[PDB]
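Going down the list, the protein sequences come from chains R and S.
The first sequence maps to residues 255 to 324, 345 to 385, 397 to 443 in the entry's author numbering.
The second sequence maps to residues 16 to 68, 170 to 215, 219 to 306, 316 to 335, 343 to 515, 531 to 555, 569 to 649, 656 to 779 in the entry's author numbering.
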Amino acid sequence: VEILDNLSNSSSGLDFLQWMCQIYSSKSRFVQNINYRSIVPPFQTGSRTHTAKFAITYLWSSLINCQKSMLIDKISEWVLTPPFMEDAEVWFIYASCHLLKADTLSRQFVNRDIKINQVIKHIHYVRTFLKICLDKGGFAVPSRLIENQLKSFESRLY
Amino acid sequence: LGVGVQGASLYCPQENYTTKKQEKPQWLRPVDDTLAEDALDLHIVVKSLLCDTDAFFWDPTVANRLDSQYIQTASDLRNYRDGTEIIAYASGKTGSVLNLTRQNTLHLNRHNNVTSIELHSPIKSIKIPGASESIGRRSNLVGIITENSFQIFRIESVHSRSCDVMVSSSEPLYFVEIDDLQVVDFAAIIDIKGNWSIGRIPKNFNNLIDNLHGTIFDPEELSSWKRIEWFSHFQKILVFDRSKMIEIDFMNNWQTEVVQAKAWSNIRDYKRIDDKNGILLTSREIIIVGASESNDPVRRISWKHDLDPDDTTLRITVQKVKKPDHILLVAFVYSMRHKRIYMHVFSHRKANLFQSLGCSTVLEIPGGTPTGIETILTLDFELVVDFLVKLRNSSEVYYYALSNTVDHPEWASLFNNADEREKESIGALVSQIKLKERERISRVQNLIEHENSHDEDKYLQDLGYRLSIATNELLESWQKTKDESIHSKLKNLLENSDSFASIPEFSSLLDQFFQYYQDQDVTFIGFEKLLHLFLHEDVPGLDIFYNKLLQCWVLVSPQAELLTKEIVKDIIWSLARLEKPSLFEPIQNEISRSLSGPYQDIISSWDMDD
DNA sequence: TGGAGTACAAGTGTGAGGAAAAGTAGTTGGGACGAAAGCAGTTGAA
């Protein structure tokens, strides 16, 4: 919080969470037998079947940071690369990155054969990443309320 | 309904940028993080009194010694009256004597009469259950927990013409099984060390356990801290140790383990918030505001905050703040080892939209550590909030309000003898110095009477003459004794260095005495490169060394001068080590010791390498 | 106007504690370019 809420010559905290998720990337299994001294899982380590909290804070705070910069392609290219096949929160973020492109591009700037179908691609990415998010374990989304927003992107498109 | 949940758990932790967004594209801060947004919130104490009256471990079974909440008695039902505020605290010798209204700040009332009901057992917990708003009324009965029995008090028709609360009591049930019970709550429903039972309260004080009971007994939890609370009016109970929370509904036979807190944390405290949905839990390492669920009233594990302090003795108290748009839940954790509070601000809206704002900390009184802290309900953006503390190792209770906008008797019990014949016999010495000082303020005053006289120029010509030949007497022994092969005093003359009346002259005179010894067996240590150790700055001189103390001791002394003169006249004679020989004398004592040690300590003794 | 009991301190042996950076204790990661022809002695059964 100190780098982001300093704002003077700041890295805004996002290059430091990038530092955390580079050198503490460890897909190793949690051996669950040794007594643990000076480490604890739920806030500072990142084993297999547990995404690290600095990893998902790097995903939330770079989606929100990219929204406020209006580069979403570059986060959507990164989230593509790690298919965390053990959790639903990364897939909700990956579904929500495409919802933001499907939100931004659904203004149409007229009152176009390529402007149409690209939004349909992002709408179909949301409906298929939210489905695989909901098939996983516990991450309860307002899955009705998001469908009201995807249809609203298409009614503006028609 | 925000999005980032586990279902099982739900986090808004310590400044780690909470884990949700709806992406509400509504141009109205298009995000609904659990983190909220506002300005700051600084808190300011309003310190005021309300009332009054081996060590490497601490007892978990002792809980509190007081209570403070609005009570509505039996005669207020039929009549118009609604709600009277009381405070009942232990007193006495071993904590055994349990004993009101609000003008603008809560103060003890006019007739201010302690209703000292008497017991024969140590008080170890004093608490009400609280009230309900579904019942519409307030409870007028309170239960306390002691070592020897369990007691119930019943408050009947609090009086207004005399400010006197007559109290009634139930039968104090002693122990059939010899096991010290821990916690009461009602919403004799009690928790013994390892098992619980439901107790029945009667209507007739003019003269127990029901046929259903349960146990949570763990062979590998070691502590003696348990806790019980009724949950969400279903006659579900919640039972605690330091390792798990068990949910038990005695309506059916239905027992579920919900929290299992063995691995990295422990359950520390559990306050049931007057909100019949939301209830706040203090674990070690996290603060949990786990509410109730509308589908099944089991546990809505809500937005919890990762608290930082690690400790073994943390409590919590919570106060609701009811605004018309939303409900706040400020949570105050406090420890028995140090003097601090730690707070966090929660908010709640209609759609179970629990949020979080930030944290702050303030301090307490320096004498003791807090042991019981309770918020006054206050009958129910500039947040105001008020409460009472109680500190351990002091029997005083003070009252505090928070708005948005060191003496120890052990040093006293080391002096002050009761020996009246030895009183002035000690006290003569403080009157003995009444004589000895006034001579010294007057004799150097006779030197104040003279100012750079030739009669005292003679007196200092006589000074160095018995410093020259005395040196010439103290030199001529060391040359003949020089072959010792195995410094001095400069207080040999006891005739002078008492009545010399110039600092810049004697500084020059010793420099006049320094220049005289060009010969061997005599060196010195210079004062001006060393006199700075008292002022802790660059002091290159002896004459400006007085000039620092000259401006320094002006106010705090009668006439302020010759006392300041005499100490400067003392320190150069206090470092009276000016009797070093030449360089030859320690160098020839270097070479003698390495010869005496073996050839193994030759290579061990080498200074000046790199 | 000597003795009987007795707490305050000067003074003397027993082991028990304290710490660190070296090494070693169990899991998991990881190491190993070929589907050619007429023909002949033996050899099929007639």
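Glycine included, C-beta positions come from ideal geometry on N, C-alpha and C.
Pick from the options that is closest to residue i, judged by C-alpha positions
| i | options | result |
| --- | --- | --- |
| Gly493 of chain S | S:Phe467, S:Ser544, S:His617, S:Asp175 | S:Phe467 |
| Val284 of chain S | S:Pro291, S:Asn259, S:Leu463 | S:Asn259 |
| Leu182 of chain S | S:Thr448, S:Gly17, S:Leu538 | S:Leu538 |
| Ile318 of chain S | S:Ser276, S:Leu347, S:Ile363, S:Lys331 | S:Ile363 |
| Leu552 of chain S | S:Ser594, S:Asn580, S:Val456, S:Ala575 | S:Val456 |
| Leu219 of chain S | S:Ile756, S:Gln188, S:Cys282, S:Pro709 | S:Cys282 |
| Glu432 of chain R | R:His409, R:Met274, R:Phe424, R:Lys421 | R:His409 |
| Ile310 of chain R | R:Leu345, R:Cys275, R:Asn287, R:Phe284 | R:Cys275 |
| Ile318 of chain R | R:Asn385, R:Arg429, R:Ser266, R:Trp273 | R:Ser266 |
| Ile271 of chain S | S:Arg256, S:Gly502, S:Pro291 | S:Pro291 |
| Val384 of chain R | R:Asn263, R:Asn287, R:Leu442, R:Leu261 | R:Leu442 |
Check whether residue i and residue j have beta carbons under 8 Å apart
| i | j | result |
| --- | --- | --- |
| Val497 of chain S | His58 of chain S | yes |
| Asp398 of chain R | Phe438 of chain R | no |
| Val433 of chain S | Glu392 of chain S | no |
| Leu463 of chain S | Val453 of chain S | no |
| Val46 of chain S | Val426 of chain R | no |
| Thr224 of chain S | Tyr549 of chain S | yes |
| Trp389 of chain S | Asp304 of chain S | no |
| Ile408 of chain S | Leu415 of chain S | yes |
| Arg746 of chain S | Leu659 of chain S | yes |
| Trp365 of chain R | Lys421 of chain R | yes |
| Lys243 of chain S | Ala179 of chain S | yes |
| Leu704 of chain S | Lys717 of chain S | yes |
| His473 of chain S | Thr513 of chain S | no |
| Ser191 of chain S | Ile436 of chain S | no |
| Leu610 of chain S | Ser668 of chain S | yes |
| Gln720 of chain S | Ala51 of chain S | no |
| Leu678 of chain S | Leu626 of chain S | yes |
| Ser315 of chain R | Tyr32 of chain S | yes |
| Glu266 of chain S | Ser240 of chain S | yes |
Inter-residue Cα distance where the pair is residue i and residue j
| i | j | result |
| --- | --- | --- |
| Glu355 of chain S | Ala398 of chain S | 13 Å |
| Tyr628 of chain S | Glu612 of chain S | 25 Å |
| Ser427 of chain S | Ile508 of chain S | 26 Å |
| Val213 of chain S | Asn232 of chain S | 14 Å |
| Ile402 of chain S | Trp360 of chain S | 10 Å |
| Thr200 of chain S | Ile326 of chain S | 29 Å |
| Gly322 of chain S | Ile351 of chain S | 6 Å |
| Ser418 of chain S | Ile236 of chain S | 36 Å |
| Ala171 of chain S | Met471 of chain S | 12 Å |
| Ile760 of chain S | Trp574 of chain S | 53 Å |
| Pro444 of chain S | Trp42 of chain S | 39 Å |
| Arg601 of chain S | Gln595 of chain S | 11 Å |
| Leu430 of chain R | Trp438 of chain S | 21 Å |
| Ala250 of chain S | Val569 of chain S | 41 Å |
| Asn758 of chain S | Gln769 of chain S | 19 Å |
| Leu354 of chain R | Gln37 of chain S | 21 Å |
| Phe308 of chain R | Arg484 of chain S | 29 Å |
| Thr555 of chain S | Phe531 of chain S | 10 Å |
Beta-carbon separation (whole angstroms), residue i vs residue j, contact threshold 8 Å
| i | j | result |
| --- | --- | --- |
| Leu374 of chain R | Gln321 of chain R | 6 Å |
| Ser380 of chain R | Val411 of chain R | With 8 Å as the limit, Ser380 of chain R and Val411 of chain R do not qualify as a contact, their Cβ atoms being about 12 Å apart. |
| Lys379 of chain S | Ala396 of chain S | 6 Å |
| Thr448 of chain S | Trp174 of chain S | 6 Å |
| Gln185 of chain S | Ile247 of chain S | 6 Å |
| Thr34 of chain S | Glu363 of chain R | 7 Å |
| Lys749 of chain S | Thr692 of chain S | 5 Å |
Where the alpha helix (DSSP H) containing residue i begins and where it ends
| i | result |
| --- | --- |
| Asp680 of chain S | 672-684 |
| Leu637 of chain S | 617-638 |
| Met274 of chain R | 268-277 |
| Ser279 of chain S | Note, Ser279 of chain S: premise wrong, no alpha helix (DSSP H); not H, not E. |
| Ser370 of chain R | 363-378 |
| residue 216 of chain S | Missing from the coordinates is residue 216 of chain S; the shown part of chain S jumps over it, going from 215 to 219. |
| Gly590 of chain S | 586-611 |
First through last residue of the beta strand (DSSP E) which encompasses residue i
| i | result |
| --- | --- |
| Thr692 of chain S | No beta strand (DSSP E) holds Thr692 of chain S; DSSP gives it neither H nor E. |
| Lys243 of chain S | 242-246 |
| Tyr405 of chain S | 402-406 |
| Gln390 of chain S | 389-395 |
| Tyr548 of chain S | 547-553 |
| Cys494 of chain S | 490-495 |
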